Structures are given as structure tokens and as C-alpha cells.
Amino acid sequence: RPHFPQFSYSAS
Amino acid sequence: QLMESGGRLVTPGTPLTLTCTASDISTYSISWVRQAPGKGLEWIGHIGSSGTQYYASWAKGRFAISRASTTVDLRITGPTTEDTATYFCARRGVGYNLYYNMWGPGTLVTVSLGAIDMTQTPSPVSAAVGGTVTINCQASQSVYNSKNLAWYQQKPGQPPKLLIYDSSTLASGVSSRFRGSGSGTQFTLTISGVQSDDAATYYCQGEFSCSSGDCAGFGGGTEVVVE
Ligand SMILES: [Cl-]
Ligand SMILES: [Cl-]
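These protein sequence lines are chains B and A, in that order.
Mapping of the first sequence onto the deposited numbering: residues 5 to 16, in sequence order.
Mapping of the second sequence onto the deposited numbering: residues 3 to 25, 28 to 118, 133 to 245, in sequence order.
Dropping the structure here:
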């Protein structure tokens, strides 16, 4: 399954 | 803690900047959200950790989000009485999904000369101490990736508190008396073992396909009143 995040990675 | 600052009384057309500080925000992405007196939360827009900008369509040309070093700012470009509201900043939690794990308590702006619908259970809903209440949240279009939906508890004058994210994941430190369920367009919050202190307004909040409309929306809020 392709995942298409709409935001950058957040560590916080 | 996040803290919003800079709210005051201004005349229509007078640019006003609000600030968002922590006590390291430079690693945080931040959204601005407002709430007119007695009304629901409304997303304004979002700035990434490196300055990428996202806006609600209604906010274009009315609000400009910027950041540098220690601070994230919101300029209210040309205010009207439509803009009288408490303004909140909120940090996005861990991962890739748009939900917020920390809020400030808000700053009040007053302006004076002196297609997404998220429908929740109508206010108020009554619950007895020790009982169980369920709150509905229906979205006109599906939330992103089926499950990108959060719930918040809001009491007067206090930072909204994250309860649930990703439809069913309990936020750190929150009582397991709170359960989130659902998928797609249909969601529930269940409060078990109701307590006097659960009296609050509850909001669902979706992330949505940014090419289908705004990236975020909120339900209208359901106030729980405890017998
Ligand atoms: Cl545009
Ligand atoms: Cl900037």
C-alpha cells in the first residue's frame, strides 16, 4: 500500500 | 508550555501580529486556530519546521504565518469585526499526521470601531456521574488515510487537551476512560465512568486531502453536562 504523507516528519 | 501573546483591541484595518512561544519551538511545526466567542474551533493555517506554509481557503489574504528562531507569528492582515476571537497556537504531534498534542491557552483579539462539514452530537448532552456517554462525529468527506482524526477536550480559559489521535490512539497521560472509534466518515468518542470534571466541550478534528479542500477541519463541539 502506497503512503502519501502530506506533512514533513515531526519528532515533537 | 506554548504561550500566545499580542492580543488587544484594534480598529478595523489595523494590522496585528500575535506570537507563539514555548518554554525549543524551532523544531516544532505550528498551526493557528481561532474561536469566536461562544463558537467552535476553526483552523487558520500551518507552518512547517522549516517554514513551509499551508492555509485554510477562507484565510487567504487575511492571515500571514511566519517564523524565525524562537517564535512563530500570525499577522492579521486587515482585521474586521469578523475576526474578534481567541487565537490559539498548537504543535503537531509525532509522525506525519495533522493533529495537535500541545496548545496554548489563547490570546484574545477584539476588533471594533470602538466545503467540509463535520457534524457532532448536538449540545448539550447530559451524563450522570458513573455513567457512560457516546459522542458522534460525522464528516462530509472522509478523513485522510481513513483514520487521521483526533479528539480534544476544552474547558473555559484552558488549553484544549488532546485525548485521542489516529481515531483510536490514547494520548500520553490521558485516562483510559476515553475511547475513540470509527473510520472514514463516521467516528465516536466514548467517556466511561463519567466524573464531574469531564464537563467540557469535546471537538473532533480531521486531517483531510489537501487537494480536496482544506488540510484540516473541526466539528462544531459537543458540550457534556454532568449530573
Ligand atoms: Cl493560493
Ligand atoms: Cl517565514
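Heads up, the beta-carbon is just placed ideally off N, CA and C, and yes, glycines get one too.
State the Cα-Cα distance for the pair residue 174 of chain A and residue 16 of chain A, rounded to the nearest angstrom. Numbered from its first residue, the second sequence carries residue 174 of chain A at position 156. Numbered from its first residue, the second sequence carries residue 16 of chain A at position 14. Cα to Cα, residue 174 of chain A sits roughly 28 Å from residue 16 of chain A.
Is it true that the CB of residue 237 of chain A sits closer than 8 Å to the CB of residue 137 of chain A? Taking the second sequence and counting its residues from 1, the one referred to as residue 137 of chain A is at position 119. Taking the second sequence and counting its residues from 1, the one referred to as residue 237 of chain A is at position 219. Contact: yes.
Find the residues of chain B that neighbour residue 98 of chain A, judging by a C-beta separation of less than 8 Å, and give them in chain order. Counted from its first residue, the second sequence places residue 98 of chain A at position 94. Result: 14, 15 and 16.
Just verifying my parser: in three-state terms, what is the DSSP assignment at residue 134 of chain A? Taking the first residue of the second sequence as position 1, residue 134 of chain A is located at position 116. Coil, per DSSP.
Given 7 Å as the limit, tell me if residue 214 of chain A has its C-beta closer than that to any heavy atom belonging to ligand 2. Locating residue 214 of chain A in the second sequence gives position 196, counting from the first residue. Residue 214 of chain A Cβ: outside cutoff for every heavy atom of ligand 2.
In this structure, how does DSSP classify residue 28 of chain A when only helix, strand and coil are distinguished? Taking the first residue of the second sequence as position 1, residue 28 of chain A is located at position 24. Residue state, collapsed to three classes: coil.
Under 7 Å from any heavy atom of ligand 2, does the C-beta of residue 53 of chain A make it? Indexing the second sequence from 1 puts residue 53 of chain A at position 49. Checking the Cβ of residue 53 of chain A against ligand 2 gives no.
Applying the criterion that 16 or more other CB atoms from any shown protein chain within 10 Å of the CB defines a buried residue, is residue 142 of chain A buried or exposed? Mapped onto the second sequence, residue 142 of chain A falls at position 124. Counting the other Cβ atoms within 10 Å of the Cβ of residue 142 of chain A gives fewer than 16, which makes it exposed.
Could you tell me which of A:145, A:3 and A:96 sits nearest to residue 47 of chain A, measuring between CA atoms? As a first step, residue 47 of chain A is located in the second sequence; it is residue number 43 there, counting from the start. If we check each option's Cα against that of residue 47 of chain A, A:96 comes out closest.
What is the rounded straight-line gap between the Cα of residue 71 of chain A and the Cα of residue 15 of chain B? Here residue 71 of chain A is taken as the residue at index 67 of the second sequence, counted from 1. Here residue 15 of chain B is taken as the residue at index 11 of the first sequence, counted from 1. When rounded, the distance between both Cα atoms is 18 Å.
Given 7 Å as the limit, tell me if residue 164 of chain A has its C-beta closer than that to any heavy atom belonging to ligand 2. Here residue 164 of chain A is taken as the residue at index 146 of the second sequence, counted from 1. Residue 164 of chain A Cβ: outside cutoff for every heavy atom of ligand 2.
Are there 16 or more other CB atoms within 10 angstroms of the CB of residue 149 of chain A, so buried, or fewer, so exposed? As a first step, residue 149 of chain A is located in the second sequence; it is residue number 131 there, counting from the start. Residue 149 of chain A comes out exposed.
Taking DSSP as the reference, what is the three-state secondary structure of residue 85 of chain A? What you label residue 85 of chain A is simply residue 81 of the second sequence in a count that begins at 1. Residue 85 of chain A: helix per DSSP, three-state reduction.
Could you tell me the alpha carbon to alpha carbon distance between residue 26 of chain A and residue 153 of chain A, rounded to whole angstroms? Here chain A breaks off after 25 and picks up again at 28, leaving residue 26 of chain A without coordinates.
Kindly examine ligand 2 and report whether one of its heavy atoms sits closer than 7 Å to the Cβ of residue 70 of chain A. Locating residue 70 of chain A in the second sequence gives position 66, where the first residue counts as 1. Taking non-hydrogen atoms of ligand 2 into account, the C-beta of residue 70 of chain A is found less than 7 Å away from one of them.
With the cut-off set at 8 Å, would you say residue 245 of chain A and residue 219 of chain A are in Cβ contact? Taking the second sequence and counting its residues from 1, the one referred to as residue 245 of chain A is at position 227. Taking the second sequence and counting its residues from 1, the one referred to as residue 219 of chain A is at position 201. No.
Can you check which of these residues, A:68, A:225 and A:54, is closest to residue 201 of chain A by C-alpha distance? In the second sequence, counting from the first residue as 1, residue 201 of chain A sits at position 183. Here the closest residue by C-alpha is A:225.
Residue 61 of chain A by DSSP, collapsed to three states: which one? Start at 1 with the first residue of the second sequence, and residue 61 of chain A comes out as number 57. Residue 61 of chain A: helix per DSSP, three-state reduction.
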